[PDB]
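As structure tokens, the structure follows; a few thoughts come after it.
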Amino acid sequence: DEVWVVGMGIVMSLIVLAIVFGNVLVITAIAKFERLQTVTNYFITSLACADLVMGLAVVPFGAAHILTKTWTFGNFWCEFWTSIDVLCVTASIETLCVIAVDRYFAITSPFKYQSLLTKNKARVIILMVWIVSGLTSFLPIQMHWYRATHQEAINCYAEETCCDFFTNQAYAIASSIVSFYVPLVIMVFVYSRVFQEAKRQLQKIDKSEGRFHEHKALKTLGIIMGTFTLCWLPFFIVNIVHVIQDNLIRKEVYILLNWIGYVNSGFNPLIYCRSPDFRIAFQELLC
Amino acid sequence: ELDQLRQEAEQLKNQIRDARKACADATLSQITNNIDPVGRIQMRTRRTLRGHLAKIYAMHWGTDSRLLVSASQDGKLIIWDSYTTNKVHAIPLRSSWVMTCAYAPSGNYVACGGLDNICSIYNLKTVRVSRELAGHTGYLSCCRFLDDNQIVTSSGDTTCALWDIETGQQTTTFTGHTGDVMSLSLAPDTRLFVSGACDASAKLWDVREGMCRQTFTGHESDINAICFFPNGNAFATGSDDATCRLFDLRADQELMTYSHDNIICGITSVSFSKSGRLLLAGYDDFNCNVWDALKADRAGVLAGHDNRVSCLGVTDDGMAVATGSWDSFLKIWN
Amino acid sequence: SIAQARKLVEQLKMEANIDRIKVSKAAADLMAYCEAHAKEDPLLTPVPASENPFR
Amino acid sequence: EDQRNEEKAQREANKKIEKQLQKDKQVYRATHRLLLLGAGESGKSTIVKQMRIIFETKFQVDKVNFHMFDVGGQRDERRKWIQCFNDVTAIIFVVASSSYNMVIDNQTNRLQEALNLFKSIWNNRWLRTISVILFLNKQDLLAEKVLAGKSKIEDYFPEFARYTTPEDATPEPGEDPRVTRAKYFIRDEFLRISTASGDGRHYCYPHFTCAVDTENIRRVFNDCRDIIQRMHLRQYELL
Ligand SMILES: Nc1nc2c(ncn2[C@@H]2O[C@H](COP(=O)(O)OP(=O)(O)OP(=O)(O)O)[C@@H](O)[C@H]2O)c(=O)[nH]1
Ligand SMILES: CN[C@@H]1CCc2c(ccc(O)c2O)[C@H]1O
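Residue numbers (full-length UniProt numbering), protein chains in the order written: chain A, 29 to 241, 268 to 341; chain B, 3 to 128, 133 to 340; chain C, 8 to 62; chain D, 10 to 62, 207 to 257, 260 to 394.
Laid out in structure tokens, this is it:
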């Protein structure tokens, strides 16, 4: 029993450090140098900020709750922590969707991309994304609309030492639809169109000058799609499965999949910040 | 005959080379060995100017050490204000391709030129064009206001001219170069000036007489920049082989070369200081290096630009140095 | 042609007849000029913050 | 007092200068710049002419602004002003295809000089990321010379003996195999130089053009669109 506590703790601290360090480095590199301040990098900045907030707020407290197995703070802090977790999780995906849409516009509309996206519109888009993310996290949790109705939920809710997640079907469906399923089909369609563009361009080049001279697209699209899908897919299925009918999903599996979802934090800098200019920036400072 | 003409040329060059070799008593490094080095020099950015839509090729500090002008390929001349970092004027240009600009000593006129073989001047305090000078058969490289009525220009047709603004007609023309002329610098008394061509040579001219006086052929590649020592008996040049050489008018041969083994880039601008002890030169490595005039020892690096440096200037009072780069930004170092 | 060689040949003379001086005197003059105005230029010696207009 | 008055004077003028620039920044960023460059007697003025129905030109295609330059004032073998043209979208190259036997004062075949000029332009240090649109002008004189012509290309270019027509060639209907072979030999003579040191950062778009033609303006638009699309695809590591 003692061994499990020692092992679980080492993993949580390493995860927190890895989450914090990469996001802090990305933010510092973007802010310090004036060559990296473009329209595209603003979305990456917002994503990094949201991921840093999530990894600095909800991971240590969740680790304490699972290790100690007793919430020693008030119910108000439990509700606030749940609200922050939901807000960060639902705001760390719409930014990826916006980035995908931006790449779609850049690739498929090269002549009108400059006029379409300006520094004045990116701020509005980011503000709208953050507002719509926070509108579904604090509003239905600070207000008690997500509060359940069965006996176990009421029993835990009356107590001041247990902080678990109990929700009704309507919220469990609406939040999942807002967070995950809606921003998925858009990304799939966008990346399919981008792959078609790349394939046709490669075919044109090969037809034009093949006699003298698609692995690259797939390694990139496969990485980008697979990381996110494998990180966030099973949890957003069990979320609806365990509500549509009771006594199907154990709490341990739910918590394990939820914590698997958190690990996505440490991969965003490794995926969206691999440009050579970013490498030069990382070499300029702290090297 | 024609063969004799070659023969006559053959010895005169031998005589000149022998005389220059005999005049070499001792090297510069020997005499300047004893004096202590100035040590490391560190400069930090004080002001940053933004507002240009494209890369910058030219600038010129004002005589009041407060105002300056810059040119870019947007087709616009902007007269900044160093103290309060706010713009004063913005002059649209007929042609978007410009390579040089100048600021009148009296502070009333501004000139600019480019690919179009026309030198255009403007009236700041009346901003409309006042005169257009034509007659060259190539692009302009540099132009310096000799006075408020006459200007001297150098073009890409291996010639230089001394204009007259009031009449718009050339007064004297200078010939003798083979390659393109890229830069020039005037003496403090505006009696003599030099020019650096693309045939690896620099010549000293006489303004009033209009005849060449001396010739120097120390370099081995194109010459892009030229400066002039404040004493009035020396000048320095920068070339594409990453070498700076300090010539002398009285001796008529080079005295010392500035080079390092880790740089293989070119040189775009060369400037001195008020006392002439520091020689600042801009390179293609996106940074500027500071040398020591009498020792050829590096004493600092001016980094902070995101692209190559194409301009350099030091104020009349020597209070600050300003650099222009292709990143469309101007910086004031102190 | 024959004439162009003639101009270069005539000019090469004018340059050859100029009087010259030893390198030592030229170097000494530059040393004296640099030593005379050593304190003048702010670039060599950093100025106090009171008299600096760019701070 | 005066300091407040001077600042209210100076600050107001900056704001005005800033506003004018924002109006100019949009129109500056909207337009696309091109450079026209060719050898002597190539056909450059004529190609620019039917398009119409230092020298600068405005022409708009499908609500897109284009801007083309043709430099003729400076005529010299050494080109150093080329450093200013490293931010253009593309370079248009016009070469006379039918002048394979003229001699320029004695000098190599005119094509050989054009080939050397193209090789020098391609391998320039400052033009490492600039594409080239190639036009092979004078398409009818070449056919006239090939068909029932006393002069033979093998006399000037020895490599033609061991050169066969490509299997992927799609000649226009009605043309003899001989003109197709000559045309494709001329085209790959440039394609080899284009491909040798391309490094995957800029390509070439060869084309065939005669006097009676009116589709060049669409070809330039399509080539520019392809260039921008390829640049954007390569930037995100997708090509
Ligand atoms: N058959 C034919 N002749 C052409 C064509 N283009 C140009 N030419 C010939 O060339 C003439 C046009 O002038 P060019 O000598 O080509 O010169 P340019 O067009 O001014 O071009 P540059 O010499 O490069 O300045 C015409 O009168 C024709 O004799 C073409 O497409 N077909
Ligand atoms: C306890 N962790 C929470 C619980 C439910 C939930 C999450 C994320 C997004 C949602 O839309 C949710 O409804 C999880 O991060």
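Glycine included, every Cβ here is placed at the ideal spot set by N, Cα and C.
Quick check: is any heavy atom of ligand 1 less than 8 Å from the C-beta of residue i?
i               : result
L296 of chain D : yes
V247 of chain D : yes
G49 of chain D  : yes
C365 of chain D : yes
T369 of chain D : no
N292 of chain D : yes
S136 of chain B : no
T263 of chain D : no
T55 of chain D  : yes
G202 of chain B : no
Indicate whether at least one CB of chain B lies closer than 9 Å to the CB of residue i.
i               : result
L44 of chain D  : no
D368 of chain D : no
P60 of chain C  : yes
Return the Cβ separation of residue i and residue j in integer angstroms, given the expectation that the two are a contact with Cβ distance under 8 Å.
i                      : j               : result
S250 of chain D        : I341 of chain D : 6 Å
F71 of chain A         : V126 of chain A : 6 Å
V44 of chain A         : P88 of chain A  : 6 Å
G319 of chain B        : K280 of chain B : No, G319 of chain B and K280 of chain B are not in contact; Cβ-Cβ is about 13 Å, not under 8 Å.
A337 of chain D        : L297 of chain D : 7 Å
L168 of chain B        : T178 of chain B : 5 Å
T281 of chain A        : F321 of chain A : 6 Å
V276 of chain B        : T243 of chain B : 7 Å
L291 of chain D        : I135 of chain A : Going by Cβ atoms, the distance from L291 of chain D to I135 of chain A rounds to 31 Å, so no, they are not a contact pair.
residue 258 of chain D : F222 of chain D : In the model as presented, chain D runs from 257 straight to 260, which leaves residue 258 of chain D without coordinates.
So if DSSP puts residue i in a beta bridge, which residue, or which two residues, is it bridged to?
i               : result
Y124 of chain B : B:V112 and B:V135
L308 of chain B : B:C294
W63 of chain B  : B:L70
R49 of chain B  : B:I338
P94 of chain B  : B:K78
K211 of chain D : D:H220
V44 of chain A  : For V44 of chain A, which the question treats as bridged, DSSP gives no partner whatsoever.
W211 of chain B : B:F199 and B:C218
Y289 of chain B : B:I273
With a threshold of 8 Å (Cβ to nearest heavy atom), would residue i be considered close to ligand 2?
i                      : result
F289 of chain A        : yes
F193 of chain A        : yes
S111 of chain A        : no
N14 of chain D         : no
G315 of chain A        : yes
residue 245 of chain A : No atoms of residue 245 of chain A appear, because in chain A residue 241 is followed directly by 268.
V81 of chain A         : no
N312 of chain A        : yes
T118 of chain A        : yes
For chain A, check one thing: does any of its Cβ atoms lie closer than 9 Å to the Cβ of residue i?
i               : result
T364 of chain D : no
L388 of chain D : yes
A303 of chain D : no
Under 9 Å between C-beta atoms, does residue i make it to chain D?
i                      : result
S220 of chain A        : no
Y145 of chain B        : yes
residue 130 of chain B : In this structure residue 130 of chain B is absent; chain B steps straight from 128 to 133.
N119 of chain B        : yes
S97 of chain B         : yes
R151 of chain A        : no
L230 of chain A        : yes
Let me check you understand the geometry: is the CB of residue i closer than 8 Å to at least one non-hydrogen atom of ligand 3?
i               : result
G353 of chain D : This structure simply doesn't include ligand 3; it includes ligand 1 and ligand 2 instead.
Does residue i have its Cβ less than 9 Å from a Cβ in chain C?
i              : result
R49 of chain B : yes
Checklist entry - Is the stretch 20-29 of chain D in contact with the stretch 88-96 of chain B, if contact means three or more CB pairs nearer than 8 Å? => result yes
Next on the checklist: With three or more C-beta pairs closer than 8 Å as the rule, is the stretch 183-194 of chain B touching the stretch 148-164 of chain B?
Outcome noted: yes
Next on the checklist: Whether or not the stretch 253-266 of chain B and the stretch 27-46 of chain C are in contact is what I'm after, with contact meaning three or more pairs of Cβ atoms, one per stretch, closer than 8 Å; do they touch?
Outcome noted: yes
Next on the checklist: With three or more beta-carbon pairs closer than 8 Å as the criterion, would you say the stretch 161-170 of chain A touches the stretch 212-223 of chain A?
Outcome noted: no
Item to check | Three-pair Cβ contact test at 8 Å for the stretch 137-152 of chain A versus the stretch 303-314 of chain A | outcome: no
Next on the checklist: Using 8 Å as the cut-off, can you tell me whether the stretch 306-314 of chain D makes contact with the stretch 365-381 of chain D, which would need three or more C-beta pairs spanning the two stretches below that distance?
Outcome noted: no
Checklist entry - Counting pairs of beta carbons, one from the stretch 220-235 of chain B and one from the stretch 268-280 of chain B, are three or more of them closer than 8 Å? => result yes
Next on the checklist: With three or more beta-carbon pairs closer than 8 Å as the criterion, would you say the stretch 60-69 of chain A touches the stretch 91-98 of chain A?
Outcome noted: no
Next on the checklist: I want to know whether the stretch 222-242 of chain D touches the stretch 153-168 of chain A - three or more CB-CB distances under 8 Å.
Outcome noted: no
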